[PDB]
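Asks: could you work out the structure for the sequence below:
(one chain, ligands or ions: 1)
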Amino acid sequence: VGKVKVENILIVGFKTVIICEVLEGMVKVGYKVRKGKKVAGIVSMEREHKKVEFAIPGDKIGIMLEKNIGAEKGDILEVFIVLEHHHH
Ligand code: NI
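Replies: Numbers count the residues shown, from 1 in each chain. What follows is the structure:
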């Protein structure tokens, strides 16, 4: 299971941003992040303050979620893959 480590929570005007380090696996817009019994989807991601689609172990990213899940500095959050049946 993918994992990210929370470094900080930012409040940027109308946005709540989780700054985290990718520890394991791939992390992609559309995947879910879980803390305890709270799960939310990733709506958007930034790396180096530039909008990105996915991130890999070693990346420091900012993520915005569909809803807040109580993320705090030091939390190791699990990342759930969400299948995208595009019918290619
Ligand atoms: Ni892509």
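Asks: let me know the secondary structure of the residue positioned nearest the centre of the chain.
Replies: Centroid check for the chain by Cα atoms, centre = their mean gives residue 63 as the closest residue, at 4.5 Å. Reducing the assignment at residue 63 to three states with DSSP: H, G, I helix; E, B strand; the rest coil gives strand.
Asks: what pairs with it across the strands?
Replies: residue 18, residue 45 (DSSP bridges).
Asks: got a list of what it touches?
Replies: By Cβ atoms under 8 Å, 6 or more residues apart in numbering, residue 63 lies in contact with 4, 17-18, 20, 27, 33, 42, 44-46. C-beta coordinates here come from the backbone N, C-alpha and C atoms, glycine included.
Asks: residue 60 and residue 19 touch, don't they?
Replies: Yes. With contact defined as Cβ atoms under 8 Å, residue 60 counts as touching residue 19 (7.1 Å).
Asks: re the thing from before, and which of the contacts of residue 63 is nearest to residue 81?
Replies: Minimum distance to residue 81 across these is 9.6 Å, recorded for residue 27 (Cβ to Cβ).
Asks: how many residues are close by the closest one?
Replies: Using other Cβ atoms under 10 Å, residue 27 has 27 other residues around it.
Asks: residue contacts, it?
Replies: Counted by Cβ under 8 Å, 6+ apart, residue 27 has contacts 2, 4, 42, 45, 54-56, 59, 61, 63, 79.
Asks: show the buried residues in those residues.
Replies: Listed as buried from the contacts of residue 27 are 2, 4, 42, 45, 54-55, 59, 61, 63, 79; burial here means 16 or more other Cβ atoms under 10 Å.
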